[PDB]
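Protein chains in written order, with the authors' numbering: chain 3, 107 to 146; chain O, 99 to 146; chain o, 107 to 146; chain C, 61 to 119; chain A, 120 to 178.
Here a beta-carbon is modelled for each residue, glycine too, at the ideal position from N, C-alpha and C.
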Amino acid sequence: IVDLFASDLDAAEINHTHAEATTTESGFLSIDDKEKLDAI
Amino acid sequence: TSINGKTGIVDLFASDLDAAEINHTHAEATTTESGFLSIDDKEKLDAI
Amino acid sequence: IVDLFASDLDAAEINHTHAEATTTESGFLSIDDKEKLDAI
Amino acid sequence: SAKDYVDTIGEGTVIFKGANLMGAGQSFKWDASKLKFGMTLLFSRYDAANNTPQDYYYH
Amino acid sequence: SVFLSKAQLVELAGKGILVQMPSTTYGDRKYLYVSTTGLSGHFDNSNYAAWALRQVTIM
Ligand SMILES: [Fe+3]
């Protein structure tokens with residue numbers, strides 16, 4: 107009974123996040139960046 | 099014998115294994131959770 | 107004997123990126139946008 | 061004979077196996093003598109159009 | 120506490136069952152394939168490391 111799953115099959119999960127964007131790599135928008143943009 | 103309770107001629111997909119598609123969208127970034135940059139935020143950043 | 111991955115399963119890889127956010131579509135934050143926000 | 065009585069109590073008389081939605085009109089009945097310990101109810105997924113017993117996600 | 124009976128075992132032998140965790144957020148579904156002969160590991164709850172079994176008792 108080979109119950110395969112995305113965790114061991116290099117597959118991104120349905121409920122998964124991404125790392126915050128940095129000065130060299132893109133990604134999700136950080137909370138601090140959103141707060142600064144809203145304040146400005 | 100079986101995969102995730104499926105037997106015989108079975109076609110499994112990303113949602114079948116609780117996985118995301120290639121063209122899948124995430125939750126938009128808010129003040130409490132990280133996510134995709136909203137259109138309004140991008141427009142405000144470009145205008146500033 | 108067959109091997110399957112996320113790409114073979116029309117699924118997103120665990121180590122995958124996303125399209126940069128534009129004026130019409132959402133996505134990851136670009137490096138230039140992050141630098142401009144930091145400098146502002 | 062007492063052991064037989066207790067083990068047929070333990071086995072349980074399955075009154076339904078398969079597929080059923082039991083909306084407004086479908087019900088399952090029993091008898092006051094038939095009730096000794098309780099009932100066991102097992103649920104799983106269905107199909108709105110195919111009406112096939114999806115064989116996973118039990119409870 | 121979760122309970123599975125003999126009739127439910129026979130109707131579920133060779134099949135799996137998932138349980139929902141009482142918490143403040145939805146998720147933490149533990150899926151395992153228990154049959155009258157034993158247990159088969161559906162390791163989709165390994166990611167759900169926030170909750171795991173403490174014990175199993177045979178009645
Ligand atoms: Fe993704």
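Ranked by Cα distance from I177 (chain A), the first of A171 (chain A), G157 (chain A), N164 (chain A) and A168 (chain A) is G157 (chain A). Against chain O, the beta carbon of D163 (chain A) has neighbours under 9 Å at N102, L115 and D116, listed in chain order. In the three-state scheme derived from DSSP, where H, G and I count as helix and E and B as strand, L102 (chain C) is classed as coil. The stretch 135 to 144 of chain 3 and the stretch 125 to 145 of chain o touch, with no fewer than 3 CB-CB distances between them shorter than 8 Å. Cα atoms of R148 (chain A) and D109 (chain 3): separation of roughly 15 Å, rounded to the nearest angstrom. A residue is called buried when at least 16 other Cβ atoms come within 10 angstroms of its Cβ; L143 (chain O) meets this threshold and is buried. Using a Cβ-Cβ cut-off of 8 Å, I146 (chain 3) counts as an interface residue toward chain o, since at least one Cβ of chain o sits closer than that to its own. Distance from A118 (chain 3) to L115 (chain O) at the Cβ level is roughly 11 Å; contact not present, criterion being Cβ atoms closer than 8 Å. Within chain o, the C-beta atoms nearer than 9 Å to that of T129 (chain 3) come from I137, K140, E141 and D144, in chain order. Burial check for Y118 (chain C): the Cβ neighbour count within 10 Å reaches 16 or more, so the residue is buried.
Residue pairing from DSSP places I101 (chain O) in a beta bridge opposite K104 (chain O). Chain 3 has a Cβ within less than 8 Å of the Cβ of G133 (chain O). In the three-state reduction of the DSSP assignment, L115 (chain O) falls in the helix class.
Closest in C-alpha terms to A171 (chain A), from the list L137 (chain A), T155 (chain A), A132 (chain A) and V129 (chain A), comes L137 (chain A). In this chain, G157 (chain A) is not harboured by any alpha helix (DSSP H); it is covered by the beta strand (DSSP E) spanning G157 to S159.
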